[PDB]
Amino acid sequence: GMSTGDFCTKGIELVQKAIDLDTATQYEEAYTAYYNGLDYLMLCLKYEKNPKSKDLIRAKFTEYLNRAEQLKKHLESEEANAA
């Protein structure tokens, strides 16, 4: 079955998908990918046994949580403006 490392990798892959969609301005789908990747990164952090990996993943978690919050606010503003 999936190792801790496998959960971490799935989170990294989902965040990379989000980053790419973000760059492409596909903000709704980027937000969803950030959300899903961040859940895997939280699981990674809880079980990670390598201290360097844990420190790096924690920094990425905070970085992309903040970006996801920015996209969520942007999407909410767009919805309000369109109404």
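In this text, residue numbers run from 1 along the sequence as written.
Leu43: CA B factor in the highest third of modelled residues in this chain (values from the PDB entry). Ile12: CA B factor in the middle third of modelled residues in this chain (values from the PDB entry). Sorting the modelled residues of the chain by their CA temperature factor places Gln26 in the lowest third. Per the PDB record, residue ranking by Cα B-factor puts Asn36 in the lowest third of the chain. Placement of the Cα temperature factor of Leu71 within the chain: middle third of the modelled residues, per the deposited record.
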